[PDB]
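Notes for the one structure printed next.
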Amino acid sequence: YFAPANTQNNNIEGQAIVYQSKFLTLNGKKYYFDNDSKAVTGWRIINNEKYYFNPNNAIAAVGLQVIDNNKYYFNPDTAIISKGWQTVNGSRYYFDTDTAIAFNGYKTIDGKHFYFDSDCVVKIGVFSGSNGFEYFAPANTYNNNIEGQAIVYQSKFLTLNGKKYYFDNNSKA
């Protein structure tokens with residue numbers, strides 16, 4: 001970190017200085033520096049929370065990111081990794097409670113089965129699969145369900161986008 005003007009230790013403008021174990025923010029970009037005053041360029045844990053700093057410019061990742069073909073969400077403000085349900089760019093992604101990788105396929109959360117594709121939530125749903133073939137409805141007609149939740153929906157005629165998906169009382173296609 002080459003600090004402008006007289007930031008610390010009466011440095012010359014543009015000179016690298018001692019800057020250890022603290023978060024730095026310039027131009028809306030966050031960095032973390034080790035004890036040797038060098039910005040770390042990998043997954044790190046500081047305040048019992050894990051951040052991802054890029055290996056090419058050492059800036060803290062923000063928003064949605066694809067790392068090793070795994071989708072993560074980092075807080076746009078504090079750069080902390082996100083977990084659970086997070087709505088970014090008009091889509092409600094879900095990330096692991098422990099590992100933070102976004103789910104894919106048909107998965108069960110909160111005792112409710114959800115369907116995800118390309119590490120992203122699908123709103124239309126009505127796909128297939130073991131313990132699947134259900135209504136992953138956006139509509140909250142079933143006890144104010146969350147987006148992409150399975151609905152029993154009983155045996156009534158129904159359509160989503162011109163496609164007919166008449167079901168039974170046991171939530172089966």
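Going by the structure tokens order, chains are called A, B, ..., each with residues numbered from 1, while ligands are numbered from 1 in the order shown.
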Checklist entry - Hey, what does DSSP flag as strand (DSSP E or B) within stretch 73-105 of chain A? Can you give it to me as a list in words? => result residues 73, 74, 81, 84, 85, 86, 87, 88, 91, 92, 93, 94, 95, 102 and 105 of chain A
Dump of N, CA and C atoms for the selected residues, as a PDB file, in the first residue's frame:
```
ATOM      1  N   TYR A  73     -21.941 -15.018  -2.639  1.00  0.00           N
ATOM      2  CA  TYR A  73     -22.429 -13.653  -2.501  1.00  0.00           C
ATOM      3  C   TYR A  73     -21.677 -12.970  -1.372  1.00  0.00           C
ATOM      4  N   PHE A  74     -21.116 -11.803  -1.665  1.00  0.00           N
ATOM      5  CA  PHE A  74     -20.405 -11.001  -0.686  1.00  0.00           C
ATOM      6  C   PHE A  74     -21.137  -9.681  -0.507  1.00  0.00           C
ATOM      7  N   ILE A  81     -19.027 -12.333   3.419  1.00  0.00           N
ATOM      8  CA  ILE A  81     -19.729 -13.357   2.663  1.00  0.00           C
ATOM      9  C   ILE A  81     -21.158 -13.481   3.191  1.00  0.00           C
ATOM     10  N   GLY A  84     -27.655 -18.038   3.425  1.00  0.00           N
ATOM     11  CA  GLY A  84     -29.104 -18.071   3.437  1.00  0.00           C
ATOM     12  C   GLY A  84     -29.724 -17.504   2.178  1.00  0.00           C
ATOM     13  N   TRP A  85     -30.905 -16.899   2.300  1.00  0.00           N
ATOM     14  CA  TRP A  85     -31.600 -16.307   1.164  1.00  0.00           C
ATOM     15  C   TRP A  85     -31.115 -14.876   0.970  1.00  0.00           C
ATOM     16  N   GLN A  86     -30.616 -14.575  -0.227  1.00  0.00           N
ATOM     17  CA  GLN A  86     -30.187 -13.225  -0.572  1.00  0.00           C
ATOM     18  C   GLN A  86     -30.701 -12.874  -1.958  1.00  0.00           C
ATOM     19  N   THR A  87     -31.351 -11.719  -2.070  1.00  0.00           N
ATOM     20  CA  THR A  87     -31.922 -11.257  -3.329  1.00  0.00           C
ATOM     21  C   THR A  87     -30.936 -10.295  -3.982  1.00  0.00           C
ATOM     22  N   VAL A  88     -30.321 -10.730  -5.079  1.00  0.00           N
ATOM     23  CA  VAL A  88     -29.384  -9.908  -5.834  1.00  0.00           C
ATOM     24  C   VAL A  88     -29.789  -9.925  -7.301  1.00  0.00           C
ATOM     25  N   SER A  91     -32.988 -11.754  -8.341  1.00  0.00           N
ATOM     26  CA  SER A  91     -33.081 -13.191  -8.134  1.00  0.00           C
ATOM     27  C   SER A  91     -32.739 -13.523  -6.688  1.00  0.00           C
ATOM     28  N   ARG A  92     -33.441 -14.513  -6.140  1.00  0.00           N
ATOM     29  CA  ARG A  92     -33.321 -14.882  -4.729  1.00  0.00           C
ATOM     30  C   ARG A  92     -32.440 -16.123  -4.613  1.00  0.00           C
ATOM     31  N   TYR A  93     -31.129 -15.911  -4.590  1.00  0.00           N
ATOM     32  CA  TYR A  93     -30.208 -17.021  -4.429  1.00  0.00           C
ATOM     33  C   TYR A  93     -30.240 -17.536  -2.992  1.00  0.00           C
ATOM     34  N   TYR A  94     -29.833 -18.792  -2.823  1.00  0.00           N
ATOM     35  CA  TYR A  94     -29.648 -19.380  -1.503  1.00  0.00           C
ATOM     36  C   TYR A  94     -28.236 -19.930  -1.401  1.00  0.00           C
ATOM     37  N   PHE A  95     -27.552 -19.587  -0.315  1.00  0.00           N
ATOM     38  CA  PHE A  95     -26.185 -20.018  -0.070  1.00  0.00           C
ATOM     39  C   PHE A  95     -26.107 -20.797   1.234  1.00  0.00           C
ATOM     40  N   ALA A 102     -23.687 -21.556  -3.421  1.00  0.00           N
ATOM     41  CA  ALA A 102     -25.096 -21.552  -3.793  1.00  0.00           C
ATOM     42  C   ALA A 102     -25.553 -22.950  -4.193  1.00  0.00           C
ATOM     43  N   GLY A 105     -29.799 -27.812  -8.323  1.00  0.00           N
ATOM     44  CA  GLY A 105     -30.693 -28.951  -8.336  1.00  0.00           C
ATOM     45  C   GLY A 105     -31.836 -28.764  -7.350  1.00  0.00           C
TER      46      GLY A 105
END
```
Item to check | Within 12 Å of residue A:151 using only C-alpha atoms, minus same-chain residues under 6 positions, as a list in words | outcome: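 Here the answer would be residues 112, 113, 114, 125, 126, 132, 133, 134, 135, 136, 137, 138, 139, 140, 141, 142, 143, 144, 145, 167, 168, 169, 170, 171, 172 and 173 of chain A.
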Just to be explicit: take each residue in the selection above, keep N, CA and C atoms, and write the result as an mmCIF file, in the first residue's frame.
```cif
data_model
loop_
_atom_site.group_PDB
_atom_site.id
_atom_site.type_symbol
_atom_site.label_atom_id
_atom_site.label_comp_id
_atom_site.auth_asym_id
_atom_site.auth_seq_id
_atom_site.Cartn_x
_atom_site.Cartn_y
_atom_site.Cartn_z
ATOM 1 N N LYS A 112 -38.616 -27.704 3.556
ATOM 2 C CA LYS A 112 -39.299 -27.437 2.302
ATOM 3 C C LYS A 112 -38.325 -27.660 1.156
ATOM 4 N N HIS A 113 -38.806 -28.286 0.086
ATOM 5 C CA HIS A 113 -37.962 -28.655 -1.042
ATOM 6 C C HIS A 113 -37.990 -27.558 -2.097
ATOM 7 N N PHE A 114 -36.804 -27.129 -2.522
ATOM 8 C CA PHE A 114 -36.644 -26.058 -3.493
ATOM 9 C C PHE A 114 -35.843 -26.579 -4.677
ATOM 10 N N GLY A 125 -40.185 -23.267 -11.819
ATOM 11 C CA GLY A 125 -40.198 -24.550 -11.139
ATOM 12 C C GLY A 125 -40.853 -25.621 -11.988
ATOM 13 N N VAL A 126 -41.859 -26.278 -11.403
ATOM 14 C CA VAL A 126 -42.597 -27.414 -11.961
ATOM 15 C C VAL A 126 -41.704 -28.332 -12.789
ATOM 16 N N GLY A 132 -39.791 -34.890 -6.169
ATOM 17 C CA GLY A 132 -39.965 -33.619 -6.842
ATOM 18 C C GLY A 132 -41.328 -33.531 -7.496
ATOM 19 N N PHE A 133 -41.348 -33.334 -8.816
ATOM 20 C CA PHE A 133 -42.571 -33.256 -9.627
ATOM 21 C C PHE A 133 -43.684 -32.504 -8.901
ATOM 22 N N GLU A 134 -43.341 -31.317 -8.408
ATOM 23 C CA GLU A 134 -44.263 -30.527 -7.600
ATOM 24 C C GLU A 134 -44.445 -29.131 -8.174
ATOM 25 N N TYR A 135 -45.116 -28.262 -7.423
ATOM 26 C CA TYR A 135 -45.334 -26.874 -7.822
ATOM 27 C C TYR A 135 -44.376 -25.998 -7.024
ATOM 28 N N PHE A 136 -43.303 -25.553 -7.675
ATOM 29 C CA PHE A 136 -42.381 -24.588 -7.078
ATOM 30 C C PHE A 136 -42.900 -23.178 -7.364
ATOM 31 N N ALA A 137 -44.067 -22.899 -6.785
ATOM 32 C CA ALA A 137 -44.864 -21.722 -7.084
ATOM 33 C C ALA A 137 -44.263 -20.458 -6.477
ATOM 34 N N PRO A 138 -44.388 -19.329 -7.169
ATOM 35 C CA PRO A 138 -44.044 -18.040 -6.558
ATOM 36 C C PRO A 138 -45.199 -17.483 -5.743
ATOM 37 N N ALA A 139 -46.419 -17.871 -6.108
ATOM 38 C CA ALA A 139 -47.610 -17.333 -5.465
ATOM 39 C C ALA A 139 -47.719 -17.819 -4.026
ATOM 40 N N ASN A 140 -48.107 -16.906 -3.134
ATOM 41 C CA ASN A 140 -48.182 -17.170 -1.703
ATOM 42 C C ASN A 140 -49.548 -17.685 -1.263
ATOM 43 N N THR A 141 -50.273 -18.369 -2.150
ATOM 44 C CA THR A 141 -51.602 -18.861 -1.809
ATOM 45 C C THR A 141 -51.572 -19.953 -0.747
ATOM 46 N N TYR A 142 -50.430 -20.598 -0.536
ATOM 47 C CA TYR A 142 -50.308 -21.701 0.413
ATOM 48 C C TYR A 142 -49.577 -21.192 1.654
ATOM 49 N N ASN A 143 -50.346 -20.655 2.603
ATOM 50 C CA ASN A 143 -49.827 -20.213 3.898
ATOM 51 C C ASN A 143 -48.683 -19.214 3.740
ATOM 52 N N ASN A 144 -48.807 -18.329 2.752
ATOM 53 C CA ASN A 144 -47.801 -17.308 2.461
ATOM 54 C C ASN A 144 -46.420 -17.942 2.286
ATOM 55 N N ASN A 145 -46.319 -18.794 1.270
ATOM 56 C CA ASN A 145 -45.076 -19.504 1.018
ATOM 57 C C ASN A 145 -43.996 -18.546 0.526
ATOM 58 N N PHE A 167 -52.401 -31.441 -11.118
ATOM 59 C CA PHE A 167 -51.787 -32.237 -10.064
ATOM 60 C C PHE A 167 -52.859 -33.034 -9.320
ATOM 61 N N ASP A 168 -52.441 -33.688 -8.242
ATOM 62 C CA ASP A 168 -53.317 -34.449 -7.361
ATOM 63 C C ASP A 168 -53.268 -33.852 -5.958
ATOM 64 N N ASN A 169 -53.978 -34.493 -5.029
ATOM 65 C CA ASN A 169 -53.981 -34.041 -3.642
ATOM 66 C C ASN A 169 -52.675 -34.334 -2.919
ATOM 67 N N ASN A 170 -51.803 -35.164 -3.490
ATOM 68 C CA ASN A 170 -50.548 -35.543 -2.857
ATOM 69 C C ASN A 170 -49.349 -34.804 -3.443
ATOM 70 N N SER A 171 -49.590 -33.722 -4.187
ATOM 71 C CA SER A 171 -48.534 -32.904 -4.783
ATOM 72 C C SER A 171 -47.641 -33.742 -5.701
ATOM 73 N N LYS A 172 -48.257 -34.274 -6.753
ATOM 74 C CA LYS A 172 -47.566 -35.112 -7.720
ATOM 75 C C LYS A 172 -47.945 -34.680 -9.128
ATOM 76 N N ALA A 173 -46.984 -34.779 -10.040
ATOM 77 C CA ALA A 173 -47.233 -34.542 -11.454
ATOM 78 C C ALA A 173 -47.664 -35.847 -12.108
#
```
Checklist entry - Which neighbours of residue A:66 fall inside 12 Å, counting only C-alpha atoms, when residues of the same chain fewer than 3 positions from it are skipped, and could you give them as number ranges by chain? => result A: 52, 54, 61-63, 69-74, 100-102, 118-120
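The neighbours of residue A:33 here are the residues that come within 8 Å of it, using only C-alpha atoms and leaving out any residue fewer than 4 positions away in the same chain; they are residues 19, 20, 21, 22, 23, 37, 38, 39 and 40 of chain A.
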Write a file of the just-selected residues containing N, CA and C atoms, as a compact mmCIF listing (two decimals), in the first residue's frame.
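Output below, filename out-v4.txt:
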```txt
# COMPACT_ATOMS: atom_id res chain seq x y z
N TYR A 19 1.29 -1.02 7.46
CA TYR A 19 -0.17 -0.98 7.56
C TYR A 19 -0.61 -2.42 7.84
N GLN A 20 -0.83 -2.74 9.11
CA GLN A 20 -0.96 -4.12 9.55
C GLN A 20 -2.32 -4.38 10.18
N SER A 21 -2.92 -5.51 9.79
CA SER A 21 -4.07 -6.10 10.49
C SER A 21 -5.22 -5.11 10.64
N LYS A 22 -5.55 -4.43 9.54
CA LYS A 22 -6.68 -3.52 9.54
C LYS A 22 -7.25 -3.45 8.13
N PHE A 23 -8.51 -3.03 8.05
CA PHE A 23 -9.21 -2.94 6.78
C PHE A 23 -9.02 -1.55 6.18
N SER A 37 2.21 -5.97 6.34
CA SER A 37 1.69 -4.84 5.58
C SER A 37 1.59 -5.15 4.09
N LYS A 38 1.23 -6.39 3.77
CA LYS A 38 0.98 -6.81 2.40
C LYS A 38 -0.46 -7.30 2.30
N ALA A 39 -1.17 -6.84 1.28
CA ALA A 39 -2.57 -7.22 1.11
C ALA A 39 -2.67 -8.70 0.78
N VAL A 40 -3.53 -9.41 1.49
CA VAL A 40 -3.73 -10.83 1.28
C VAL A 40 -4.66 -11.04 0.08
```
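For the set A:159, A:27, A:78, A:35, the residue with the smallest atom-to-atom gap to residue A:51 is A:78, counting only C-alpha atoms.
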Item to check | Atom-to-atom span, atom CA of residue A:121 and atom CA of residue A:99, Å | outcome: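 One can read the atom CA of residue A:121 to atom CA of residue A:99 distance as 17.6 Å.
The nearest approach to residue A:90 among the residues A:156, A:44, A:163, A:123, with only C-alpha atoms taken into account, belongs to A:123.
Between residue A:60 and the residues A:111, A:14, A:76, A:162, the shortest atom-to-atom distance, using only C-alpha atoms, involves A:76.
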Checklist entry - With distances taken over only C-alpha atoms, which of A:67, A:150, A:79, A:58 is nearest to residue A:108? => result A:150
